[PDB]
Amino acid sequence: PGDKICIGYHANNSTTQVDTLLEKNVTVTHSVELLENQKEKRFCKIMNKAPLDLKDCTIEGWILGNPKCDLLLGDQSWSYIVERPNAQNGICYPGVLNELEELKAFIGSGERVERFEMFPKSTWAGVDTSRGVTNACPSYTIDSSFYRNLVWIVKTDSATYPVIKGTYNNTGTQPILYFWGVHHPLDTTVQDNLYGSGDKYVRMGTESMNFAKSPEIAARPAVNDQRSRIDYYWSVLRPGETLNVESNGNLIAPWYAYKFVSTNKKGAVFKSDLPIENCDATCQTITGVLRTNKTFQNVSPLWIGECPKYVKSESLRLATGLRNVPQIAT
């Protein structure tokens, strides 16, 4: 028999396939999957910061201080916000929170708020602070209450609701996020009973801002057994800025407000029913945690943290070895 030398290549037991422009389903000896399709179906901490669980409250219910939202009442620090799709506690006294979307965007930008009394009830003189509660807004204990951050001001027994004024000067280095309202009664009779007779107004100003509104009296379809409405409003009092409040009547006054810190993170507001657990993540998507070193992911385009690039692909397997052509054994 003659001595032989042969030139050839590696084969192995790989059954893993790739596609090329010229050919589909090519089995190759070595390959790398570049795409991640696995997730943990939960929310974890990012930057070791817990997310804020709004529970049975919406974002509106939370920062207006819906009485049923007292669990969240106060001081809050977060890496992102989780809002449950069927949270029941939002705007309890019917009406519009004006520029809502842009409020939700601003809140998302923040990383922490500190609640504080902005205008003490004493600020308003000659008017009744105490009577402003409604059955539309119960707490979990009292059937007639009102948002923690607002005072519904009423005229006192005297016929007159006087001009009231309030000033807050922001000396603090942090912007303040604050709210107020204007109350629209269903009828002239309720308007007379609650507030003075005659033309009413709510006027507010800062160095950079103006606001004027008067009541728009009409009967509206009942919501929470109410045919009257409140126009809710929000604003941000910059560091160094001063707020002037002046009202003839129909004012839902700012009471408590929030010192606001913006963040260097994204941040996010995830509307989801997934559980929050005591875990850590590098990449949190709205449908779950990715815990991966892959380049691409097909889980979700919406995330916070460092995630792989989102694509619609099912798989992105790069060949690294060669065509696998093992010997046929019988």
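Note that residue numbering follows the sequence shown and begins at 1.
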Check: residue 272 without coordinates in a third or more of other entries: no
Entries skipping residue 263: at least a third of other ones: yes
Higher-B stretch (mean Cα B-factor, as the entry records it), 95-103 or 215-223: 215-223
Mean Cα B-factor comparison, 263-271 or 285-293, giving the higher one as deposited: 263-271
C-alpha B-factor winner, where the candidates are 230, 81, 176, 164: 164
Entry-reported Cα temperature factor of residue 181, expressed as the chain third it lands in: lowest
Relative C-alpha B-factor of residue 46, binned into the chain's lowest, middle or highest third: middle
Ranked C-alpha temperature factor of residue 70 among modelled chain residues, by third: highest
Modelled-residue ranking by C-alpha temperature factor, third containing residue 195: highest
Residue 235 - which third its CA temperature factor falls in, relative to the rest of the chain: lowest
